[PDB]
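>>> This one's experimental. Sequence and coordinates below.
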Amino acid sequence: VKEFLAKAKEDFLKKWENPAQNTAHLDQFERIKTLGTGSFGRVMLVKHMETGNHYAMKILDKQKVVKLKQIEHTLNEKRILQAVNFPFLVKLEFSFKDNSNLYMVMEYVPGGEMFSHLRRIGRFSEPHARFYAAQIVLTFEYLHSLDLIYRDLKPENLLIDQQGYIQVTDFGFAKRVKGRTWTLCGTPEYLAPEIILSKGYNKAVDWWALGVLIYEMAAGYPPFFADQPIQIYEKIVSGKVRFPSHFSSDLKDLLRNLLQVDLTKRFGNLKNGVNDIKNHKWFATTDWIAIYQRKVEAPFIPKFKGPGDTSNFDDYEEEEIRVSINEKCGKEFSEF
Amino acid sequence: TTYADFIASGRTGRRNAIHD
Ligand SMILES: N[C@H](COc1cncc(-c2ccc3cnccc3c2)c1)CC1C=Nc2ccccc21
């Protein structure tokens, strides 16, 4: 493992220090349909005319990004994305900007979100959840190895590719940091106690998120939910969790150590780092090497109805894409 | 059941991120 990571670090570094820019243009893409929306942007299926390929184009409104004070976060996302490379991270193929927007063109994953499949099915069996969780485990070991904190693990940010494997999306909160950070960021149900308390935190909040993910995948609902955020934060810090009766003893053990409010005992943040996770009973049947290569049998294959098929995605109201005659936030996004 | 409570809650849909 140390071998692979060492070289992965060398490649990321070169790209990090010399990020690619303006590698495409809006008019080289055919706007097909909206696959999702966010506070300051949207993602659409697009078709690259020269190659006939489909991609997921993320369009960010520079003015909204500024109003929401996510300028640096948006710069973090593209800079990081153009530099990383892992089998469970969706690839940033092209990036560019125009008068009104920033654009990040990623590889399209027709399979759809884990969220959709998870909600419809209810809950995943333990081997099913173990297969996806394992992929997140290698992805986090990879990211943290590069001094990156992800900060938004959740089913809504996980896609299922043609091979049944996971593809992580949304690096809007990713950040390269050695040492503590304080930005309050994430999703209510997945926030670690440190974040809600405003106490400076590290990569350990990613490992706590994994604990929330595994629990939600195996139970059908998150360990901490309520109709309003403040109620959800009250549960998270209380250091009190309840487990469904069908949760194996090993599964409950792994989660007790993951959903540890005391980030001095929390698995992943210990002296043995990620190994305390990879070597936990619940993962004894897991062949970490096999999972990376993807030679492990996937429990679910979301067969699609052809390339460019958006059947596995929900519908969203279509928004017209306009580009003003004037440049809006040049200085702010000069390095994009 | 907790499953029932969850499904009846307002947080079964896509959850938005927070920051400000
Ligand atoms: N967090 C949600 C999804 O976020 C994504 C963010 N960036 C890229 C993809 C993303 C990446 C690759 C993909 C490949 N195939 C299909 C869909 C894909 C979606 C998904 C909503 C959300 C929050 N901020 C947003 C900003 C814009 C759109 C949606 C949101």
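Great, that's in hand. Residues are numbered from 1 along each chain as shown, chains lettered A, B, ... in the order given.

>>> and whichever residue of chain B sits closest to the ligand, what is it in contact with?
Per CB to the nearest ligand atom, the residue of chain B with the smallest distance to the ligand is residue B:17, at 6.1 Å. Backbone N, C-alpha and C define where each C-beta goes, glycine included. By CB atoms under 8 Å, 6 or more residues apart in numbering or on different chains, the contact list for residue B:17 reads A:39, A:152, A:172-173, A:185-187.

>>> Pipe those into CSV and attach neighbour count, secondary structure and distance to residue A:30 per row.
Formatted as CSV, the entries for the contacts of residue B:17 read as follows, by neighbours: other CB atoms under 10 Å in any protein chain shown; DSSP: H, G, I helix; E, B strand; the rest coil; distance: CB to CB, whole Å:
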residue, neighbour count, secondary structure, distance to residue A:30
A:39, 16, coil, 26
A:152, 20, coil, 29
A:172, 22, coil, 25
A:173, 19, coil, 30
A:185, 21, coil, 34
A:186, 22, strand, 34
A:187, 23, coil, 32
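
>>> What is the most widely separated pair among these?
Distance extremes for the contacts of residue B:17: the farthest pair is A:39 and A:186 at 13.6 Å, using CB to CB.

>>> what's the domain layout of chain A?
The record's domain parsing of chain A by curated CATH domains lists A:1-18+A:113-303, A:19-112+A:304-334.

>>> show me where the stretch 1-150 of chain A has helices.
Counting by DSSP state H, counting those that start in this stretch, the stretch 1-150 of chain A has helices at residues A:2-17, A:62-67, A:71-81, A:114-121, A:126-145.

>>> Compile those into TSV and extend it with columns for mean neighbour count and distance to residue A:105.
Rendered in TSV, the data for the helices of the stretch 1-150 of chain A read as follows (neighbours: other CB atoms under 10 Å in any protein chain shown; distance: least, CB to CB, whole Å):
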stretch	mean neighbour count	distance to residue A:105
helix A:2-17	12	17
helix A:62-67	17	17
helix A:71-81	20	11
helix A:114-121	17	22
helix A:126-145	21	21
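
>>> Please produce JSON lines containing the domains of chain A, extended by distance to residue B:13.
What follows is the domains of chain A, written out as JSON lines (distance: least, CB to CB, whole Å):
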{"stretch": "domain A:1-18+A:113-303", "distance to residue B:13": "9"}
{"stretch": "domain A:19-112+A:304-334", "distance to residue B:13": "10"}
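
>>> between those, which one is nearest to the ligand?
For the domains of chain A, proximity to the ligand was assessed by CB to the nearest ligand atom; domain A:19-112+A:304-334 is nearest, at 2.1 Å.

>>> Contacts only, for the residue in chain A that chain B sits nearest to.
Residue nearest to chain B within chain A: residue A:221 (3.8 Å; CB to the nearest CB). For residue A:221, the set of contacting residues under the criterion of CB under 8 Å, 6+ apart consists of B:2-3, B:6.

>>> circling back: also near chain B: which of the contacts of residue B:17, exactly?
Here is what survives when the contacts of residue B:17 are matched to chain B using CB under 8 Å from any CB of the partner chain: A:39, A:152, A:172-173, A:185-187.

>>> Among the domains of chain A, which comes closest to residue B:11?
Of all the domains of chain A, the one in closest proximity to residue B:11, counting by CB to CB, is domain A:1-18+A:113-303 (5.5 Å).

>>> The closest one near the ligand at all?
Yes: remark: domain A:1-18+A:113-303 sits within contact range of the ligand at A:156-157, A:159, A:169-170, A:172, by CB under 6 Å from any ligand atom.

>>> among those, who's most crowded?
Of all the residues of domain A:1-18+A:113-303 next to the ligand, residue A:159 has the most neighbours under the rule other CB atoms under 10 Å in any protein chain shown, reaching 27 neighbours.

>>> partner residues bridging it?
Listed beta-bridge partners, residue A:159: residue A:113, residue A:167 (assigned using DSSP bridges).

>>> Please tell me I have it right and it contacts residue A:165.
No: here residue A:159 does not reach residue A:165: they are 9.5 Å apart, not a contact under CB atoms under 8 Å.

>>> Give me the contact status of the helix or strand containing residue A:196 with chain B.
When elements are assigned from DSSP states H and E, residue A:196 belongs to helix A:193-197. No: where contact is defined by CB under 8 Å from any CB, no part of helix A:193-197 touches chain B; the two come within 9.9 Å at best.

>>> Could you point out the helix or strand that follows that helix?
Tracing the chain C-terminally past helix A:193-197 and defining elements by DSSP H and E, one meets helix A:204-219 next.

>>> Please report the distance of residue A:325 from residue A:99.
Relative to residue A:99, residue A:325 is positioned 7 Å away (CB to CB, to the nearest Å).

>>> interface residues of chain B facing chain A?
Within chain B, the positions lying close to chain A (CB under 8 Å from any CB) are B:2-3, B:6, B:9-12, B:14-20.

>>> Tell me the most packed of those residues, by neighbour count.
With neighbours taken as other CB under 10 Å, the top of the residues of chain B next to chain A is residue B:17, carrying 19 neighbours.

>>> list the buried ones in the one helix or strand residue A:251 maps to?
In this assignment (DSSP H and E), residue A:251 forms part of helix A:249-258. Taking 16 or more other CB atoms under 10 Å in any protein chain shown as the neighbour-count basis, helix A:249-258 is seen to contain the buried residues A:251-252, A:254-255, A:257-258.
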